[PDB]
There are 4 protein chains.
Amino acid sequence: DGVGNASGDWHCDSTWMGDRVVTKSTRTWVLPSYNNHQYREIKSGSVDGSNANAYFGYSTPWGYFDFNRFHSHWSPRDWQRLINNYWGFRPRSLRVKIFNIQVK
Amino acid sequence: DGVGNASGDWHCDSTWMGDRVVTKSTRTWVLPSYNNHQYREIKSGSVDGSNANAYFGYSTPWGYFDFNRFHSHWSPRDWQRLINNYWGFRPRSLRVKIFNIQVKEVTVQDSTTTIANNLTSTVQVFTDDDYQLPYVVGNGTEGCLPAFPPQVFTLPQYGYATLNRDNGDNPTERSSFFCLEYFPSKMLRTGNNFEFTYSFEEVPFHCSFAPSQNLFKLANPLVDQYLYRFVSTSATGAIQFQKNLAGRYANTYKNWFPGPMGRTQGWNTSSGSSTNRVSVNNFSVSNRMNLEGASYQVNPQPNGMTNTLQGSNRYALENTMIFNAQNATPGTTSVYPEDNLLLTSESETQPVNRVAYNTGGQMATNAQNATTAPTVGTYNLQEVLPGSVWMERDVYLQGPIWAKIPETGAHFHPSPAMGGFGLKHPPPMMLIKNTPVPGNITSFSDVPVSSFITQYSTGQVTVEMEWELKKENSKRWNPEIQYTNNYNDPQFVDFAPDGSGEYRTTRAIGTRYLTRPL
Amino acid sequence: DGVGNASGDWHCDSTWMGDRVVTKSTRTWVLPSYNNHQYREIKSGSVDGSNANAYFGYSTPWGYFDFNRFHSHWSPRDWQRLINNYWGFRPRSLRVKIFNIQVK
Amino acid sequence: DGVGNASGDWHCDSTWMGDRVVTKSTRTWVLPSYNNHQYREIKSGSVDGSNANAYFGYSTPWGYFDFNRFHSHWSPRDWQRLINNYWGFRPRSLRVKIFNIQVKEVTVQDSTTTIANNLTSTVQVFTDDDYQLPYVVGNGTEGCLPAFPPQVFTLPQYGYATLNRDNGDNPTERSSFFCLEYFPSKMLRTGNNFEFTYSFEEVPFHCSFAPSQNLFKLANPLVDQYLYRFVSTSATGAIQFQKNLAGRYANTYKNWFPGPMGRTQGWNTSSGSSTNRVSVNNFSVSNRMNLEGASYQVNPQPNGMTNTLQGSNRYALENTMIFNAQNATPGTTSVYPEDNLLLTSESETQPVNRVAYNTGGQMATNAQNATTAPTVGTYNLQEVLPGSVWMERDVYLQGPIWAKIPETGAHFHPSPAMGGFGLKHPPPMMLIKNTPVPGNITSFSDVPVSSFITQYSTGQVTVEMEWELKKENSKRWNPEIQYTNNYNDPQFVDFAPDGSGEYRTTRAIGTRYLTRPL
């Protein structure tokens with residue numbers, strides 16, 4: 001759209017609504033240029049005296065987003081407020097969004 | 001929207017429209033990057049030999065907007081035009097707006113700083129609407145829109161003290177940490193603008209009038225009272241009475257009583273310096289309250305008193321609000337004489353409030369027998385009594401507008417000791433910070449990045465308040481007292497910039513000029 | 001109504017429903033015949049060396065129901081569940097009922 | 001309703017209607033006043049030299065109704081008529097009803113007891129519909145509606161063990177106390193009646209058929225397999241193969257495997273007593289599991305085994321269900337010989353489950369070289385393997401109907417080790433107690449009253465279940481085996497009262513009589 005116009009806002013909260021809670025977290029990230037824009041065949045032989053440490057694979061120039069830890073969605077006070085009052089929970093939805101990019 | 005298109009205009013005026021006046025002020029601000037985008041746990045132990053100075057809290061990387069001073073909305077000539085014509089006023093609305101933002105990227109590369117402007121950087125902004133954060137706006141703290149429109153100001157850093165333990169710099173299990181990123185902000189790039197509106201709850205008008213009748217001289221001085229009074233005892237122990245004549249107010253029966261009082265000490269200003277006792281450290285001999293095992297000075301004491309008696313140079317300094325003519329720099333521990341200081345005087349209340357350096361009265365200390373004689377005992381403090389009346393402290397152009405009432409649950413007469421309006425839900429706090437932009441990172445590390453590009457932001461802020469006025473309708477015949485520009489041999493004009501361009505203000509203009517028959 | 005038919009049931013529970021909680025307590029009471037069905041003028045002089053303990057009044061043959069203690073409506077686990085999650089409360093209604101009487 | 005009007009009738013019958021049978025049983029019960037209307041904290045330390053016998057819990061003043069035994073719904077002749085004609089069944093509904101209550105007031109005044117009936121006394125009754133209380137119905141505990149309709153029974157007392165600490169009689173911080181008065185009951189006086197209905201979730205039918213084919217003899221005994229098998233190695237180390245001929249089931253390739261197994265010890269019954277080792281205290285040498293530092297005997301072991309091999313007298317006693325012909329009194333610590341005991345035998349499963357006193361198999365212990373020879377190692381326990389099949393324990397007339405599956409979250413194949421149906425939401429527990437009536441109190445005391453009138457209650461209970469049946473459709477030619485009344489020189493009739501009026505039952509009738517080609 002435009003240079004001098006923000007792509008999104010900072011939403012970061014929690015909203016308990018009965019049998020559902022919606023959490024929201026925003027964060028700032030930085031992405032390096034890995035492998036100078038190349039693919040490299042990474043490989044290792046047996047290290048530590050264990051051939052189970054010997055692998056063969058590929059490192060790419062990409063980076064990824066990982067939201068697989070609880071403390072990325074819950075504050076310590078909203079966690080506590082959950083484990084003291086409920087008998088269980090399970091995730092229902094997800095909705096990621098990337099914005100306000102800046103290449104330097 | 002766009003880079004080469006202004007987000008808003010500069011509105012700065014006043015508009016009187018009968019019983020309402022709408023003021024508007026725009027100003028330019030600058031926001032530094034505080035704490036390098038981090039939160040720090042600030043703490044202090046007992047300093048100055050007083051463990052009341054020992055705290056524990058957190059300084060954040062945010063700055064806030066403070067519009068809690070009258071001279072941020074009123075010019076000296078519109079203030080004067082208010083205190084000379086109305087009997088009171090109260091705020092009705094508010095409407096802040098931030099626009100024309102500009103983020104600048106500073107670079108000291110090569111021992112030489114180069115300021116370039118970043119067009120993609122943002123600024124974060126949110127208003128605390130539910131009062132979930134520690135309020136710090138109504139405590140007489142610096143950092144408010146300057147008095148003079150041309151002046152540019154830096155936004156002050158947000159921070160707060162929370163519970164500390166045993167008057168030390170350690171926390172308790174109840175000490176709380178508030179994360180401000182845990183609130184939904186709005187992000188702004190150079191082309192965006194932020195708006196926000198608010199409306200005050202009903203609050204009673206401030207009374208900008210002085211009483212023209214003594215509280216203990218309300219009776220007619222021509223007619224006598226149909227009540228008698230015990231005057232003495234005869235040689236036979238028999239009690240004798242006498243009628244209350246007219247004009248003898250020392251003996252009349254009263255209906256209303258003056259208000260609360262708490263004796264402070266009185267010090268004579270210049271003229272009488274000779275009288276004041278020499279070299280006295282007030283701390284040791286000041287009025288202090290204890291809260292959790294620590295002694296705090298309670299200046300300016302609770303409402304219901306007059307720091308001075310009109311016609312004298314003596315002053316109850318601890319019951320006084322003391323401002324400064326020439327603005328000062330942060331961290332100054334210099335000792336100043338009265339000269340460049342504006343000592344406010346609340347004597348236009350003397351007809352109803354009691355002097356703070358005299359004994360409040362005398363009462364009985366015993367019971368008279370055929371043996372013991374009647375004895376009296378002067379008291380120094382008396383609190384609220386049923387059927388008492390007092391007048392609240394006055395507001396000044398350079399003083400605070402409102403205060404937030406602590407939500408403890410129980411309180412009596414919510415009127416801030418520093419003047420202004422006490423509010424349950426005061427104007428929300430508006431925080432703002434520069435979203436951080438990382439330096440050149442080159443490898444993963446589960447450790448957070450600490451290298452940031454140094455930046456700062458500038459912009460404009462317009463705040464438009466609406467006030468309600470109370471028209472004066474007096475049938476006074478002779479002329480009243482007004483606030484007038486009465487100077488003699490002026491070497492400079494007051495309320496105006498001097499040779500260098502620095503704004504001067506040698507007077508503290510209050511509000512009580514008009515009068516009213518009690 | 002009838003001898004061999006119960007006047008009411010035993011309801012004793014709590015029911016949290018958002019911003020309202022309704023508690024219910026049933027109990028068995030016993031009522032003695034006080035003062036043999038008479039009114040007596042009870043009175044005392046200064047006792048313990050304090051004339052503030054000296055009174056004059058009347059004891060009646062009646063008994064009364066007192067529900068003025070919190071633990072008459074709340075269990076320790078419902079109290080805890082309240083003081084850990086709310087910022088305040090206030091009573092809204094009341095509804096007493098006496099039944100299944102038996103004179104011996 | 002009324003005193004002189006019956007609350008319900010006596011329905012007790014069965015009604016076969018195709019693929020459904022509805023049974024109905026009424027019985028008279030008596031309810032004592034347990035614990036004098038109080039709750040007591042019952043606790044035990046390690047007894048018998050085993051800290052697994054150490055618990056901590058609470059005994060309440062309530063009694064409960066237990067309909068968890070087959071012979072509470074089926075007569076011996078309707079059971080027989082089921083196991084001889086159907087391939088399976090499963091419960092569909094339930095409908096309990098309590099009526100014709102009578103509270104009696106006992107009085108021992110003057111060393112002479114006088115039983116008078118109180119017409120105003122109540123009885124409290126509630127069903128635990130949400131499973132909020134500790135379930136105690138499905139654990140093989142006494143107290144169920146008697147087998148014979150004429151018999152009157154006392155309701156057993158409710159109680160439960162909760163968490164104890166370090167295998168001692170003390171509680172933990174997690175030990176919970178459940179107040180049963182904290183549930184909304186219903187009160188009943190002599191003229192009232194209580195009703196309650198329930199419907200089972202889908203549960204798979206019980207399989208009342210025995211297999212008529214060995215699991216490892218499913219192949220055609222006339223045709224050979226097109227698969228070969230490594231038979232030996234030549235002098236040159238070269239591997240040699242041979243085809244799988246017809247009828248040689250020891251060598252055929254199999255597709256399915258027998259089920260889990262865990263070796264227990266085997267003891268010979270009477271005939272072979274001579275063989276059994278003399279004087280052995282089993283506890284020390286029994287199969288035991290450890291849970292929190294304590295050793296518990298796991299009788300009757302998990303499903304997937306046969307306690308005996310048809311044609312032998314040897315028995316895997318720890319994998320067996322042992323009932324008693326003649327009902328016994330509480331607290332009996334007498335040692336009994338096999339005579340009056342009904343040892344159930346699960347041999348009609350031998351074609352598919354493995355014997356519990358033999359080694360489950362042999363596998364390889366090493367790797368053969370030009371040096372080492374191939375070695376095998378017999379194993380005693382093997383758990384579930386992919387592609388295994390087994391048959392569950394059978395149900396008996398005198399055995400349990402259902403069990404409640406613990407709501408931990410994770411479980412594998414929910415089938416109770418004691419037979420029956422495993423249920424997530426089993427028939428609610430129905431508790432009942434006599435509302436207390438105070439003695440002669442005469443003065444206030446903030447202390448609770450402890451003087452109560454001694455009372456007891458009697459009444460009727462009708463429970464009507466509906467079952468679904470699975471019709472047998474076999475094309476077997478020759479005749480099958482049926483359960484028959486085969487006695488020789490009967491000195492009494494079985495399943496009928498003897499001279500004194502005491503009900504006799506010398507057999508344990510199971511369910512597996514019909515057959516099915518695997």
# chains A, B, ... in the order shown; residues from 1 in each chain; ligands from 1

call {"tool": "select_by_dssp", "arguments": {"residues": "region 183-283 of chain B", "states": "strand (DSSP E)", "output": "list in words"}}
result
residues 186, 187, 188, 194, 195, 196, 197, 198, 199, 206, 207, 209, 210, 211, 228, 229, 230, 231, 232, 233, 239, 240, 241, 242, 243, 261, 262, 267 and 268 of chain B

call {"tool": "write_last_selection", "arguments": {"atoms": "N, CA, C and O atoms", "output": "mmCIF file, in the first residue's frame"}}
result
data_model
loop_
_atom_site.group_PDB
_atom_site.id
_atom_site.type_symbol
_atom_site.label_atom_id
_atom_site.label_comp_id
_atom_site.auth_asym_id
_atom_site.auth_seq_id
_atom_site.Cartn_x
_atom_site.Cartn_y
_atom_site.Cartn_z
ATOM 1 N N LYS B 186 -1.680 1.235 19.116
ATOM 2 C CA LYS B 186 -1.970 1.552 17.727
ATOM 3 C C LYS B 186 -0.606 1.979 17.222
ATOM 4 O O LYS B 186 0.121 2.646 17.936
ATOM 5 N N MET B 187 -0.236 1.577 16.016
ATOM 6 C CA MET B 187 1.066 1.951 15.493
ATOM 7 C C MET B 187 0.948 3.031 14.446
ATOM 8 O O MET B 187 0.036 3.014 13.616
ATOM 9 N N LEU B 188 1.873 3.979 14.493
ATOM 10 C CA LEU B 188 1.840 5.092 13.572
ATOM 11 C C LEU B 188 3.129 5.363 12.819
ATOM 12 O O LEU B 188 4.207 5.388 13.398
ATOM 13 N N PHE B 194 -3.377 9.883 15.491
ATOM 14 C CA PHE B 194 -4.129 9.237 16.557
ATOM 15 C C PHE B 194 -5.130 10.216 17.132
ATOM 16 O O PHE B 194 -4.827 11.385 17.297
ATOM 17 N N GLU B 195 -6.323 9.738 17.443
ATOM 18 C CA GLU B 195 -7.362 10.582 18.016
ATOM 19 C C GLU B 195 -7.920 9.892 19.248
ATOM 20 O O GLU B 195 -7.856 8.674 19.369
ATOM 21 N N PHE B 196 -8.484 10.675 20.154
ATOM 22 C CA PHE B 196 -9.027 10.146 21.398
ATOM 23 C C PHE B 196 -9.940 11.184 22.033
ATOM 24 O O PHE B 196 -9.607 12.358 22.076
ATOM 25 N N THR B 197 -11.091 10.751 22.525
ATOM 26 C CA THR B 197 -12.045 11.661 23.145
ATOM 27 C C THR B 197 -12.460 11.160 24.531
ATOM 28 O O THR B 197 -12.384 9.970 24.824
ATOM 29 N N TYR B 198 -12.909 12.072 25.381
ATOM 30 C CA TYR B 198 -13.287 11.738 26.748
ATOM 31 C C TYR B 198 -14.276 12.778 27.289
ATOM 32 O O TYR B 198 -14.333 13.898 26.792
ATOM 33 N N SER B 199 -15.074 12.408 28.286
ATOM 34 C CA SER B 199 -16.027 13.343 28.888
ATOM 35 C C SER B 199 -16.060 13.146 30.394
ATOM 36 O O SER B 199 -16.264 12.037 30.881
ATOM 37 N N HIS B 206 -15.865 24.618 40.750
ATOM 38 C CA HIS B 206 -14.911 25.190 41.655
ATOM 39 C C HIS B 206 -15.533 26.518 41.981
ATOM 40 O O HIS B 206 -16.200 27.090 41.154
ATOM 41 N N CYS B 207 -15.343 27.032 43.180
ATOM 42 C CA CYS B 207 -15.958 28.273 43.594
ATOM 43 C C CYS B 207 -14.983 29.384 43.562
ATOM 44 O O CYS B 207 -14.238 29.569 44.497
ATOM 45 N N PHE B 209 -14.963 32.532 44.125
ATOM 46 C CA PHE B 209 -15.459 33.712 44.727
ATOM 47 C C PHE B 209 -15.004 33.680 46.129
ATOM 48 O O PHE B 209 -14.795 32.638 46.672
ATOM 49 N N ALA B 210 -14.825 34.829 46.718
ATOM 50 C CA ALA B 210 -14.427 34.924 48.107
ATOM 51 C C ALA B 210 -15.638 35.402 48.894
ATOM 52 O O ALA B 210 -16.459 36.158 48.378
ATOM 53 N N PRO B 211 -15.776 34.972 50.155
ATOM 54 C CA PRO B 211 -16.931 35.417 50.945
ATOM 55 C C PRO B 211 -16.762 36.855 51.451
ATOM 56 O O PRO B 211 -15.664 37.251 51.844
ATOM 57 N N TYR B 228 -30.276 33.526 75.868
ATOM 58 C CA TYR B 228 -29.438 34.053 76.939
ATOM 59 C C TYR B 228 -28.188 33.222 77.071
ATOM 60 O O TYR B 228 -28.075 32.159 76.469
ATOM 61 N N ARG B 229 -27.237 33.696 77.855
ATOM 62 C CA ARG B 229 -26.025 32.931 78.000
ATOM 63 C C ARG B 229 -25.485 32.990 79.409
ATOM 64 O O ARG B 229 -25.487 34.037 80.044
ATOM 65 N N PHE B 230 -25.030 31.842 79.894
ATOM 66 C CA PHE B 230 -24.440 31.737 81.216
ATOM 67 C C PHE B 230 -23.244 32.682 81.227
ATOM 68 O O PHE B 230 -22.329 32.524 80.423
ATOM 69 N N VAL B 231 -23.243 33.670 82.113
ATOM 70 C CA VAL B 231 -22.122 34.603 82.151
ATOM 71 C C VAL B 231 -21.227 34.433 83.366
ATOM 72 O O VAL B 231 -20.011 34.606 83.275
ATOM 73 N N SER B 232 -21.822 34.102 84.503
ATOM 74 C CA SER B 232 -21.042 33.930 85.717
ATOM 75 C C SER B 232 -21.827 33.229 86.805
ATOM 76 O O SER B 232 -22.970 32.825 86.607
ATOM 77 N N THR B 233 -21.183 33.091 87.956
ATOM 78 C CA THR B 233 -21.763 32.460 89.131
ATOM 79 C C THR B 233 -21.692 33.485 90.262
ATOM 80 O O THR B 233 -20.719 34.231 90.373
ATOM 81 N N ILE B 239 -26.032 30.165 89.445
ATOM 82 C CA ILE B 239 -25.677 30.552 88.089
ATOM 83 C C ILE B 239 -26.497 31.755 87.608
ATOM 84 O O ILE B 239 -27.705 31.837 87.842
ATOM 85 N N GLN B 240 -25.825 32.690 86.939
ATOM 86 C CA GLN B 240 -26.457 33.904 86.425
ATOM 87 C C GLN B 240 -26.386 33.978 84.904
ATOM 88 O O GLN B 240 -25.420 33.525 84.298
ATOM 89 N N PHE B 241 -27.409 34.559 84.291
ATOM 90 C CA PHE B 241 -27.451 34.677 82.843
ATOM 91 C C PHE B 241 -27.584 36.119 82.373
ATOM 92 O O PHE B 241 -27.880 37.019 83.155
ATOM 93 N N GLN B 242 -27.356 36.329 81.084
ATOM 94 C CA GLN B 242 -27.416 37.657 80.503
ATOM 95 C C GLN B 242 -27.812 37.524 79.039
ATOM 96 O O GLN B 242 -27.423 36.574 78.370
ATOM 97 N N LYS B 243 -28.593 38.474 78.548
ATOM 98 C CA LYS B 243 -29.065 38.424 77.172
ATOM 99 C C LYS B 243 -27.993 38.758 76.141
ATOM 100 O O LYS B 243 -27.082 39.546 76.411
ATOM 101 N N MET B 261 -8.820 21.922 61.090
ATOM 102 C CA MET B 261 -7.597 22.664 61.251
ATOM 103 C C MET B 261 -6.510 21.801 61.824
ATOM 104 O O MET B 261 -6.789 20.857 62.536
ATOM 105 N N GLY B 262 -5.267 22.108 61.506
ATOM 106 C CA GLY B 262 -4.140 21.379 62.042
ATOM 107 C C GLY B 262 -3.009 22.360 62.088
ATOM 108 O O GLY B 262 -2.545 22.794 61.055
ATOM 109 N N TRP B 267 6.188 31.190 59.506
ATOM 110 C CA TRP B 267 7.456 31.821 59.345
ATOM 111 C C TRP B 267 7.234 33.136 58.670
ATOM 112 O O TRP B 267 6.373 33.249 57.825
ATOM 113 N N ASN B 268 7.990 34.147 59.051
ATOM 114 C CA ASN B 268 7.774 35.462 58.505
ATOM 115 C C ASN B 268 8.556 35.621 57.253
ATOM 116 O O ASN B 268 9.708 35.249 57.192
#

call {"tool": "calpha_fit_and_write", "arguments": {"fixed": "chain A", "moving": "chain C", "output": "PDB file with C-alpha atoms, in the first residue's frame"}}
result
ATOM      1  CA  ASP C   1       0.000   0.000   0.000  1.00  0.00           C
ATOM      2  CA  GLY C   2       2.106   2.891   1.279  1.00  0.00           C
ATOM      3  CA  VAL C   3       5.485   3.611   2.838  1.00  0.00           C
ATOM      4  CA  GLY C   4       4.271   6.157   5.391  1.00  0.00           C
ATOM      5  CA  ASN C   5       1.268   4.144   6.547  1.00  0.00           C
ATOM      6  CA  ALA C   6       1.336   1.325   9.127  1.00  0.00           C
ATOM      7  CA  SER C   7       0.269  -2.157   7.953  1.00  0.00           C
ATOM      8  CA  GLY C   8      -1.193  -3.242  11.295  1.00  0.00           C
ATOM      9  CA  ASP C   9      -1.577  -2.444  14.994  1.00  0.00           C
ATOM     10  CA  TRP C  10      -0.179  -4.041  18.127  1.00  0.00           C
ATOM     11  CA  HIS C  11      -2.683  -6.314  19.671  1.00  0.00           C
ATOM     12  CA  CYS C  12      -1.644  -8.141  22.726  1.00  0.00           C
ATOM     13  CA  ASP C  13      -4.201  -9.201  25.242  1.00  0.00           C
ATOM     14  CA  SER C  14      -6.384 -11.951  26.524  1.00  0.00           C
ATOM     15  CA  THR C  15     -10.079 -12.146  26.629  1.00  0.00           C
ATOM     16  CA  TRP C  16     -11.846 -14.613  28.788  1.00  0.00           C
ATOM     17  CA  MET C  17     -15.413 -15.241  27.640  1.00  0.00           C
ATOM     18  CA  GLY C  18     -16.873 -18.180  29.555  1.00  0.00           C
ATOM     19  CA  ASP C  19     -15.676 -21.463  28.052  1.00  0.00           C
ATOM     20  CA  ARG C  20     -13.352 -19.781  25.602  1.00  0.00           C
ATOM     21  CA  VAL C  21     -10.338 -17.616  25.921  1.00  0.00           C
ATOM     22  CA  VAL C  22      -8.690 -15.809  23.096  1.00  0.00           C
ATOM     23  CA  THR C  23      -5.118 -14.838  23.471  1.00  0.00           C
ATOM     24  CA  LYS C  24      -3.135 -12.533  21.288  1.00  0.00           C
ATOM     25  CA  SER C  25       0.524 -11.782  21.114  1.00  0.00           C
ATOM     26  CA  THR C  26       2.505  -9.445  18.975  1.00  0.00           C
ATOM     27  CA  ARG C  27       6.280  -9.409  18.774  1.00  0.00           C
ATOM     28  CA  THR C  28       9.092  -7.825  16.809  1.00  0.00           C
ATOM     29  CA  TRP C  29      11.380 -10.136  14.865  1.00  0.00           C
ATOM     30  CA  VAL C  30      14.565  -9.784  12.896  1.00  0.00           C
ATOM     31  CA  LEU C  31      15.560 -11.980   9.963  1.00  0.00           C
ATOM     32  CA  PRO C  32      19.220 -12.337   8.978  1.00  0.00           C
ATOM     33  CA  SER C  33      20.367 -13.384   5.503  1.00  0.00           C
ATOM     34  CA  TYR C  34      21.337 -16.945   6.192  1.00  0.00           C
ATOM     35  CA  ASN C  35      23.761 -18.813   4.029  1.00  0.00           C
ATOM     36  CA  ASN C  36      24.148 -15.824   1.785  1.00  0.00           C
ATOM     37  CA  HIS C  37      21.119 -16.832  -0.126  1.00  0.00           C
ATOM     38  CA  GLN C  38      22.317 -20.338  -0.761  1.00  0.00           C
ATOM     39  CA  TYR C  39      21.541 -23.956   0.056  1.00  0.00           C
ATOM     40  CA  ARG C  40      24.281 -25.935   1.668  1.00  0.00           C
ATOM     41  CA  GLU C  41      24.560 -29.644   2.210  1.00  0.00           C
ATOM     42  CA  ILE C  42      25.324 -29.926   5.941  1.00  0.00           C
ATOM     43  CA  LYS C  43      26.636 -33.237   7.237  1.00  0.00           C
ATOM     44  CA  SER C  44      28.253 -34.749  10.309  1.00  0.00           C
ATOM     45  CA  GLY C  45      30.084 -37.952  11.164  1.00  0.00           C
ATOM     46  CA  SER C  46      29.969 -39.733  14.536  1.00  0.00           C
ATOM     47  CA  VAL C  47      30.691 -37.122  17.247  1.00  0.00           C
ATOM     48  CA  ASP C  48      31.105 -37.715  21.020  1.00  0.00           C
ATOM     49  CA  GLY C  49      31.886 -41.346  20.180  1.00  0.00           C
ATOM     50  CA  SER C  50      28.315 -42.073  19.068  1.00  0.00           C
ATOM     51  CA  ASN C  51      27.424 -42.686  15.428  1.00  0.00           C
ATOM     52  CA  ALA C  52      23.877 -41.587  16.257  1.00  0.00           C
ATOM     53  CA  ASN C  53      25.243 -38.042  16.052  1.00  0.00           C
ATOM     54  CA  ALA C  54      26.167 -38.638  12.420  1.00  0.00           C
ATOM     55  CA  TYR C  55      23.718 -37.050   9.997  1.00  0.00           C
ATOM     56  CA  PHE C  56      23.334 -35.711   6.475  1.00  0.00           C
ATOM     57  CA  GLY C  57      20.973 -32.880   5.533  1.00  0.00           C
ATOM     58  CA  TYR C  58      20.465 -29.390   4.109  1.00  0.00           C
ATOM     59  CA  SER C  59      20.562 -25.889   5.606  1.00  0.00           C
ATOM     60  CA  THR C  60      18.461 -23.394   3.699  1.00  0.00           C
ATOM     61  CA  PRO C  61      18.494 -19.563   3.498  1.00  0.00           C
ATOM     62  CA  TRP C  62      15.032 -19.430   5.109  1.00  0.00           C
ATOM     63  CA  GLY C  63      13.930 -18.683   8.633  1.00  0.00           C
ATOM     64  CA  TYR C  64      10.681 -19.774  10.266  1.00  0.00           C
ATOM     65  CA  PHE C  65       8.188 -18.682  12.891  1.00  0.00           C
ATOM     66  CA  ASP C  66       7.692 -20.984  15.849  1.00  0.00           C
ATOM     67  CA  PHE C  67       4.733 -20.452  18.247  1.00  0.00           C
ATOM     68  CA  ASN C  68       5.120 -23.826  19.896  1.00  0.00           C
ATOM     69  CA  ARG C  69       5.681 -22.903  23.546  1.00  0.00           C
ATOM     70  CA  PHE C  70       2.999 -21.922  25.967  1.00  0.00           C
ATOM     71  CA  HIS C  71       4.650 -18.786  27.242  1.00  0.00           C
ATOM     72  CA  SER C  72       4.314 -17.263  23.814  1.00  0.00           C
ATOM     73  CA  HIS C  73       0.591 -16.910  24.294  1.00  0.00           C
ATOM     74  CA  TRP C  74       0.107 -16.829  28.042  1.00  0.00           C
ATOM     75  CA  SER C  75       1.324 -14.456  30.708  1.00  0.00           C
ATOM     76  CA  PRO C  76       2.273 -15.959  34.042  1.00  0.00           C
ATOM     77  CA  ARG C  77      -0.838 -14.425  35.549  1.00  0.00           C
ATOM     78  CA  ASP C  78      -3.181 -15.760  32.907  1.00  0.00           C
ATOM     79  CA  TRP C  79      -1.626 -19.173  33.102  1.00  0.00           C
ATOM     80  CA  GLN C  80      -2.144 -19.206  36.848  1.00  0.00           C
ATOM     81  CA  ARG C  81      -5.686 -18.020  36.386  1.00  0.00           C
ATOM     82  CA  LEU C  82      -6.233 -21.096  34.189  1.00  0.00           C
ATOM     83  CA  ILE C  83      -4.593 -23.869  36.142  1.00  0.00           C
ATOM     84  CA  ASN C  84      -6.383 -22.813  39.323  1.00  0.00           C
ATOM     85  CA  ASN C  85      -9.856 -22.760  37.814  1.00  0.00           C
ATOM     86  CA  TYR C  86     -10.232 -25.239  34.991  1.00  0.00           C
ATOM     87  CA  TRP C  87     -10.064 -28.968  34.518  1.00  0.00           C
ATOM     88  CA  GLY C  88      -8.635 -28.861  31.048  1.00  0.00           C
ATOM     89  CA  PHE C  89      -8.283 -26.998  27.791  1.00  0.00           C
ATOM     90  CA  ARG C  90      -7.533 -27.511  24.140  1.00  0.00           C
ATOM     91  CA  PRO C  91      -6.691 -25.196  21.231  1.00  0.00           C
ATOM     92  CA  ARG C  92      -9.431 -24.338  18.751  1.00  0.00           C
ATOM     93  CA  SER C  93      -8.053 -21.814  16.299  1.00  0.00           C
ATOM     94  CA  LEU C  94      -5.027 -19.872  15.197  1.00  0.00           C
ATOM     95  CA  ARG C  95      -4.506 -16.748  13.142  1.00  0.00           C
ATOM     96  CA  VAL C  96      -1.086 -15.413  12.374  1.00  0.00           C
ATOM     97  CA  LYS C  97      -0.279 -12.091  10.790  1.00  0.00           C
ATOM     98  CA  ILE C  98       2.941 -10.429   9.637  1.00  0.00           C
ATOM     99  CA  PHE C  99       3.166  -6.700   9.114  1.00  0.00           C
ATOM    100  CA  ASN C 100       5.191  -3.500   9.348  1.00  0.00           C
ATOM    101  CA  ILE C 101       8.113  -4.962   7.461  1.00  0.00           C
ATOM    102  CA  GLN C 102      11.338  -3.036   6.983  1.00  0.00           C
ATOM    103  CA  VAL C 103      14.302  -4.174   4.960  1.00  0.00           C
ATOM    104  CA  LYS C 104      17.644  -2.651   5.895  1.00  0.00           C
TER     105      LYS C 104
END

call {"tool": "closest_residue", "arguments": {"among": "B:327, B:482, B:144, B:53", "to": "residue 296 (chain B)", "atoms": "only C-alpha atoms"}}
result
B:53

call {"tool": "interface_residues", "arguments": {"of": "chain D", "to": "chain A", "cutoff": "12 Å", "atoms": "only C-alpha atoms", "output": "ChimeraX atom specification"}}
result
/D:407-409

call {"tool": "residues_around", "arguments": {"residues": "residue 353 (chain D)", "least_positions_apart": "5", "cutoff": "8 Å", "atoms": "only C-alpha atoms", "output": "JSON, numbers by chain"}}
result
{"D": [258, 259, 304, 305, 306, 390, 391]}

call {"tool": "residues_around", "arguments": {"residues": "residue 459 (chain D)", "least_positions_apart": "3", "cutoff": "12 Å", "atoms": "only C-alpha atoms", "output": "PyMOL selection string"}}
result
chain D and resi 6-10+26-31+97-104+123+152-155+188-194+432+456+462
